[PDB]
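Each chain gets a letter, A, B and so on, in the order its sequence line appears, and its residues count up from 1. Values below: every heavy atom of this structure, side chains too, minus hydrogens, waters and symmetry copies.
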Amino acid sequence: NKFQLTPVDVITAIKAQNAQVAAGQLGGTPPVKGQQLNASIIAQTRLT
Amino acid sequence: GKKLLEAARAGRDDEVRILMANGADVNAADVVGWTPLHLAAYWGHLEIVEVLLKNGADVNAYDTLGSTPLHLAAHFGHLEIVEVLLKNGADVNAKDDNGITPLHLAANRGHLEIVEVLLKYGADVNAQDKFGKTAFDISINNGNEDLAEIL
Amino acid sequence: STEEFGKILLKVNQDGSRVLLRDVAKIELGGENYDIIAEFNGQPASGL
Amino acid sequence: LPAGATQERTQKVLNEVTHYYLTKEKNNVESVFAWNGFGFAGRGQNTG
């Protein structure tokens, strides 16, 4: 209450900030001709 | 009355001839106000169209939403039937309840030839439907560069 | 069809102009994914 | 191929493998069915 928050906000923040995101790849398919680099993009991962 | 409508829907010629030869109302309308000419134009039975027009079928009959046989034929690309209807007095600028004209419908499908025929017969190129749209607007929205020119 | 997807209306601008999907994207029939290139004697192939 | 190698680079190796079998073994080989993107160690742009 002191910060004008509720459990809804807590739940929303946990779902947004403890998240495992699929983010594709550098040089992912179908690629541009002459691409030299292919790497997974790693974005948010679950908290531990 | 009803035998004519389904005969014209089925595309069964001699039947239709026997039914005016036996006195069937050429202007008989089903529950949505479609006449044998509507049905023949819709499905594309050119010869049937000629026979009902030869027999006094209202070329400008409209259904319960204001649409005429020319609308149906323009919409679905039946070029020869568009020509026939037009030679028999089809109102080239008839509007349905939405403001939509045969030119709008033919434009919306890309039937370039029908569009030229309708124009040759005096289609109002600036006629607007209930949303303010003309056949030109339709061609732009569709990306049809060929049609957008003619209009 | 690609033509119908292209005329999806994204936005109507202030001046009344229209933003369509084909104004922000190329639109084509393609594969569901592009991770595997298959060739039979160097020619494009599918199979079973 | 090594870590990070791209689909296009794998394809050139596969094209050389194909070409070898259909020339140096023209008398024994009827076809080469080349898959770029999966292998027996796993999947990926550097496998075929």
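Sparse packing is recorded around NZ of C:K11, with 12 or fewer heavy atoms of other residues, nucleotides or ligands lying under 6.0 Å away. Dense packing is recorded around CD of C:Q43, with more than 12 heavy atoms of other residues, nucleotides or ligands lying under 6.0 Å away. No more than 12 heavy-atom neighbours from other residues, nucleotides or ligands sit within 6.0 angstrom of CZ on C:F5. Applying the 6.0 Å contact sphere to NZ of D:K26 captures no more than 12 heavy atoms from other residues, nucleotides or ligands.
When side chains are defined from C-beta on, D:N15 counts as touching C:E39, because their heavy atoms get closer than 4.5 Å. You'll find the side chain of C:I36 stays beyond 4.5 Å of the side chain of D:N36, heavy atoms only. Residues D:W35 and C:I37 are not in side-chain contact: their nearest non-hydrogen atoms beyond the backbone lie 4.5 Å or more apart.
Both the backbone and the side chain of C:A38 come within contact range of chain D, with heavy atoms under 4.5 Å apart. Contact of D:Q11 with chain C is made through the side chain alone, with heavy-atom distances under 4.5 Å. Proximity to chain C (any heavy atom under 4.5 Å) is shown, for D:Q45, by neither the backbone nor the side chain. Both the backbone and the side chain of D:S31 have a heavy atom closer than 4.5 Å to some heavy atom of chain C.
No donor-acceptor distance shorter than 3.5 angstrom exists from the side chain of C:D35 to the backbone of D:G37, with no hydrogens or angles considered.
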